[PDB]
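The next block holds one structure in the form of structure tokens; read it before the comments.
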Amino acid sequence: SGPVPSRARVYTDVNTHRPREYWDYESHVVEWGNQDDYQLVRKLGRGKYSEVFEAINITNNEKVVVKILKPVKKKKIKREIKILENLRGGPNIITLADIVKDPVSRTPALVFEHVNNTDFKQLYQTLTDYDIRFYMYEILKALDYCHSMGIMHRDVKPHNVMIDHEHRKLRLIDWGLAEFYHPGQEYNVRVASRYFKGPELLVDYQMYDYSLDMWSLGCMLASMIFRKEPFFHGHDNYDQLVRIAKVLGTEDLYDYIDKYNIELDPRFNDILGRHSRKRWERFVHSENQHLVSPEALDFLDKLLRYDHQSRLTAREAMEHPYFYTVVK
Ligand SMILES: Nc1ncnc2c1ncn2[C@@H]1O[C@H](COP(=O)(O)OP(=O)(O)NP(=O)(O)O)[C@@H](O)[C@H]1O
């Protein structure tokens with residue numbers, strides 16, 4: 002029989018009305034810049050797929066960020082490049098300034114605009130109620146834009162949000178896990194970082210959509226307003242679902258899997274237990290009360306739903322009373 006199919010409730014067929022070239026990233030021909038324009042200054046770190054450097058563009062004297070891609074999962078390289086080009090200029094989307102071949106690695110190196118970020122661990126401790134609202138609204142601008150352009154980010158988390166708090170400026174970065182949304186398409190569930198993974202990923206439901214990003218944003222919101230980092234603190238991908246079930250309850254979880262004719266991994270049988278849905282007030286205390294309001298709680302509740310179809314869209318989120326106090 003198999004799982005019941007799903008489609009996005011918004012921007013469903015945006016890519017089908019595009020030229021093939023827009024989404025067929027495999028056919029994309031990279032336009033290469035000159036590597037000698039960029040002088041590496043220091044290494045900022047490296048992940049699974051790349052090494053990241055602060056650099057200078059010696060032609061304009063500007064600071065840039067250079068991500069030198071490792072020679073692996075090369076399908077991702079043209080996918081990221083194409084998405085960055087498609088989204089360039091969009092609200093709060095990081096700007097790809099250049100693509101060059103690194104002489105040492107012989108691999109593509111992506112050159113981005115510099116953004117003056119502060120450690121989210123340090124920064125979130127300082128955010129006022131107003132600032133959480135403000136920056137949430139800025140993230141939503143980015144998400145509604147990429148979703149409208151037929152793209153899901155799939156790795157929304159604090160590390161992928163660069164905030165210049167001095168200039169009240171925000172950019173959504175690291176589009177290397179991003180994909181084009183095509184209705185009916187089955188996607189890899191091995192995306193997002195543990196604490197930000199949606200229930201759809203955790204129960205191995207492949208026919209997911211933009212709404213994945215909205216769960217991830219809800220996890221961010223919960224962590225900020227409740228000052229609990231992370232909000233859902235799983236030991237592994239299985240315990241992650243259990244942590245979610247302890248807040249949202251097991252009956253709505255079983256209703257979700259029943260709706261999509263999904264079968265839980267049988268290892269959950271002995272660890273999931275039975276849990277009531279909690280009221281969001283359970284998580285409020287003297288130290289976080291100033292960040293919590295009825296509006297915040299209602300908005301959070303509408304993001305953190307098991308059913309990906311039930312979650313607020315980015316545009317719906319922007320309509321929420323929580324943002325009425327934020328100056329437009
Ligand atoms: N557009 C940008 N402007 C300024 N700094 C950036 C930009 N993009 C990334 N960085 C910085 O570069 C550093 C490393 O980049 P990133 O690609 O996230 O590697 P990473 O953090 O090692 N990945 P992981 O170890 O898997 O979490 C981060 O700490 C960022 O602060």
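Counting from 1, position 114 in the sequence shown corresponds to residue 115 in UniProt numbering; the numbering is continuous, with no gaps. Each residue gets a CB set at the ideal place from its N, CA and C atoms; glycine is no exception.
How is residue i classed by DSSP in three states: helix, strand or coil?
i: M153; result: strand
i: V53; result: strand
i: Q40; result: strand
i: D175; result: coil
i: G34; result: coil
i: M163; result: strand
i: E63; result: strand
i: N58; result: strand
i: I94; result: strand
i: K76; result: helix
i: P200; result: helix
i: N270; result: helix
i: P295; result: helix
i: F324; result: helix
i: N238; result: helix
i: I245; result: helix
i: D210; result: coil
i: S2; result: coil
i: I263; result: coil
i: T251; result: helix
i: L304; result: helix
i: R21; result: helix
i: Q186; result: coil
i: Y12; result: coil
i: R283; result: helix
i: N118; result: coil
i: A193; result: coil
i: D205; result: coil
i: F135; result: helix
i: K158; result: coil
i: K142; result: helix
i: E27; result: helix
i: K83; result: helix
i: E317; result: helix
i: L128; result: coil
i: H276; result: coil
i: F227; result: helix
i: residue 358; result: With the chain represented from 2 up to 329, any question about residue 358 goes unanswered, as that position is not in the structure.
i: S7; result: coil
When DSSP builds the beta bridges, which residues end up paired with residue i?
i: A110; result: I69, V101
i: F181; result: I152
i: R47; result: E52
i: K170; result: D165
Compute the beta-carbon to beta-carbon distance between residue i and residue j, rounded to the nearest angstrom, for a pair I have assumed lies under 8 Å.
i: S194; j: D156; result: 7 Å
i: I164; j: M225; result: With 8 Å as the limit, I164 and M225 do not qualify as a contact, their Cβ atoms being about 12 Å apart.
i: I82; j: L88; result: Wrong, their Cβ atoms sit about 11 Å apart, outside the cutoff.
i: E230; j: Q207; result: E230 to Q207, Cβ: 29 Å. No contact.
i: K79; j: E27; result: 6 Å
i: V116; j: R172; result: 5 Å
i: residue 1; j: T314; result: Absent from the structure is residue 1, since the part of the chain shown begins at 2 and ends at 329.
i: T119; j: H166; result: 6 Å
i: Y257; j: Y307; result: 4 Å
i: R228; j: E296; result: 18 Å between Cβ atoms; not a contact.
i: residue 341; j: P4; result: The chain is shown only over 2 to 329; residue 341 falls outside these bounds and no answer can be derived.
i: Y12; j: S149; result: 6 Å
i: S212; j: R312; result: 5 Å
Between residue i and chain D, is the shortest Cβ-Cβ distance under 8 Å, so that the two count as touching?
i: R195; result: The chain labelled as chain D is not found in the depicted structure, where only one protein chain is given.
Three-pair Cβ contact test at 8 Å for the region 208-223 versus the region 296-303: At 8 Å Cβ cutoff, the stretches touch.
Are the region 134-143 and the region 175-186 in contact at 8 Å, needing three or more beta carbon pairs? Judged by Cβ distances under 8 Å, the region 134-143 makes no contact with the region 175-186, as fewer than three pairs qualify.
Sufficient close CB pairs (3 or more, under 8 Å) joining the region 228-237 to the region 263-272: no
Contact between the region 245-265 and the region 197-208 is defined here as three or more beta-carbon pairs at a separation below 8 Å; is this criterion met? yes
Does the region 117-137 come close enough to the region 41-57 to have 3 or more Cβ pairs within less than 8 Å? no
Could you say if the region 97-113 and the region 55-68 meet the contact criterion of at least three C-beta pairs nearer than 8 Å? The region 97-113 is in contact with the region 55-68.
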